[PDB]
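Read the figures in this text as sums done on the coordinates, not as results from a lab. FYI the Cβ positions are ideal-geometry reconstructions off the backbone, even for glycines, and counts take in every protein chain you see.
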Amino acid sequence: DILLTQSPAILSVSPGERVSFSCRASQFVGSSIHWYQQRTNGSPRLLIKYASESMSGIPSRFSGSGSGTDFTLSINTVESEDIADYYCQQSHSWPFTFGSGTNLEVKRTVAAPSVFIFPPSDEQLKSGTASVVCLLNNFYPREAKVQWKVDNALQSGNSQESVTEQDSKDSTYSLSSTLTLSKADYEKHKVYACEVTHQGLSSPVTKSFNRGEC
Amino acid sequence: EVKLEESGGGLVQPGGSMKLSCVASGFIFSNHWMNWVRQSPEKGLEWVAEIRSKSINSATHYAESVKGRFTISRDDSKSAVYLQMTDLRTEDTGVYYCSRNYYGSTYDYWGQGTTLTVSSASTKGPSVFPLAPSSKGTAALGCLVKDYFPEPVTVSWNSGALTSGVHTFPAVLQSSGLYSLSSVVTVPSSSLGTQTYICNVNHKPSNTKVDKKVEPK
């Protein structure tokens, strides 16, 4: 199949900014590139057909260009209703295929995370498992390094991160990192530490606790 | 106004079968090429199957990944297109859109999507554990909502009275095949001795409703 490479995966736009993003076909597709917008919880919506032809009812700030393999969608002054995912699609030959998408997010000033660590509850321990939660609250940009250290051993493969959608009021993200261990593994160790590196922190932040203390 | 309206999604085990349906209005249905396109976080948007107009023998086409397992059909008298799925795989999980393709070009109208979940996990209500405010300005507390299936749960705080500062994280699928998430909220430290904090967890598929008081340990 023809592969469409969309770049970047994430593009940060300040309102009133002229932005563009890219769609590259793995082989010649002439002008048969079409662009879609998908708002959160919505369906794809066709915006541009055949690389440059704008659909009716589609705002004029949207414009597309390109031919051959490299295509561009431009928004000349982004509005807050344009915050969405954007997909390209080729119809040059069968089967028809889509790019992986470019997500447009709201650019704002850097904001450091507030970090919190939660030991497993006694309830859960009684059930035989231990979850340790490290919370990064209201930060920007989205990129953050969270490392678990248990009695000074860096943890790998036993934690999962989850990240909220961008907040509608302050444009920040929040992130949870959950370390999951068996009750027996949890009780082999004393010091549980979450270390957070983020652009907004002058030095990385560690929150920690001694198992079974307070 | 063109409308497309899918139905028939749901939960099914691997090896199972399910039929999706879509009803169209606002264009001459029998003239047009109807498609199913699916969307997942891992594979993005994937064209699945197409059935063209009877005027061209209503020919069917399938993506390689579903050929032999899925069957697309149409009933012009009902303005309906269908997707019959068999031998379902976990990676067939996704949101399935009914869509019109305009004669081999754009997907110019799309439905609202219907959700397919292929999983052998059994339906199960969550356990709810406190995330107790740390004994050491602003305090964070919350609820851990663990080991439920399927999506979704809903979490409110103090019956909906408490909304600002709530972050309910997207659920994450664990290797057990069960979901887990946390709901947290930041509140003034001074309000810890004046205000009770209760998370209300509702899991409709298991008729589970849990209220968990969160307090300093």
- line: If each part is reduced to its alpha-carbon centroid, segment B:174-217 and segment A:60-122 end up apart, in Å, by 32 Å
Relative packing of peptides A:13-24, B:186-197 - highest average C-beta neighbours within 10 Å first: A:13-24, B:186-197
query: Scaled to the compact-protein estimate 2.2 N^0.38 Å, what is the alpha-carbon radius of gyration of the protein assembly as shown, rounded to two decimal places?
result: 1.11
message: Test of understanding: what is the full-extension gain from A:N210 to A:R142, defined as 0.36 nm times their sequence separation minus their Cα-Cα distance?
response: 21.5 nm
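Using a Förster distance of 45 Å, how high is the FRET efficiency between B:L162 and A:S93, based on the Cβ-Cβ distance and rounded to 0.05? If you can, show how the numbers build up before the last one.
Details: r = 55 Å, r/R0 = 1.23.
Step by step, r from the Cβ atoms, then E = 0.25.
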- prompt: Short version: ³J(HN,Hα) in whole Hz for each residue of segment A:179-193, in order, from phi by Karplus 6.51 cos²θ - 1.76 cosθ + 1.60 (θ = phi - 60°), x for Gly and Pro, what are they?
  reply: 8, 10, 9, 5, 4, 5, 5, 3, 7, 6, 9, 10, 9, 10, 9
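Taking the convex hull of the Cα atoms, report for segment A:1-108 its projected area averaged over all directions, in nm². Present the calculation step by step, with values, prior to reporting the outcome.
Details: hull surface 25.0 nm².
Hull-based average projected area comes out at 6.2 nm².
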query: What is the list of residues in segment B:151-184 whose amide nitrogen lies under 16 Å from a point 7 angstrom out from the Cα of B:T123, following Cα to Cβ?
result: B:151-154, B:179
- line: Sequence order, segment B:117-134: Karplus ³J(HN,Hα) from phi using 6.51 cos²θ - 1.76 cosθ + 1.60, θ = phi - 60°, Hz rounded, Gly and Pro as x, gives 10, 9, 7, 8, 5, 8, 4, 7, x, x, 8, 10, 10, x, 10, 7, x, 5
query: Dipole magnitude of the protein assembly as shown about its Cα centre, charges +1 at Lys/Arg Cβ and -1 at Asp/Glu Cβ only, in debye to the nearest 20?
result: 500 debye
- prompt: Once both labels are modelled 7 Å past Cα along the beta-carbon direction, what's the A:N152-A:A9 spacing in nm?
  reply: 3.5 nm
- request: Just name one of A:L46, A:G101, A:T72: the one whose Cα is farthest towards the positive end of the charge dipole of the protein assembly as shown (beta-carbon charges, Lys/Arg +1, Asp/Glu -1).
  value: A:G101
- prompt: Of the cross-linked pairs A:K126/B:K209; A:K207/B:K217; B:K43/B:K146; A:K107/B:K124, which ones have a Cα-Cα span greater than 29 Å in the structure shown?
  reply: A:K107/B:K124
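Let's test the formula: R0 of 25 Å, r as the Cβ-Cβ distance of B:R89 and B:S7. What FRET efficiency results, to the nearest 0.05? Mind dumping the intermediate values first?
Working: r = 22 Å, r/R0 = 0.88.
Efficiency, rounded to the nearest 0.05: 0.70.
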statement: The simple spin-label model distance between A:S80 and B:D211, using points 7 Å out along Cα→Cβ, in nm, is 3.6 nm
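Could you tell me the calculated FRET efficiency between B:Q112 and A:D122, based on Cβ-Cβ distance and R0 = 30 angstrom, to the nearest 0.05? Each step should come with its number before you reach the end.
Values: r = 44 Å, r/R0 = 1.48.
Efficiency, rounded to the nearest 0.05: 0.10.
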task: Describe numerically, in nm with one decimal, the distance between label points set 7 Å from Cα along Cα→Cβ at A:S52 and at B:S73.
output: 4.6 nm
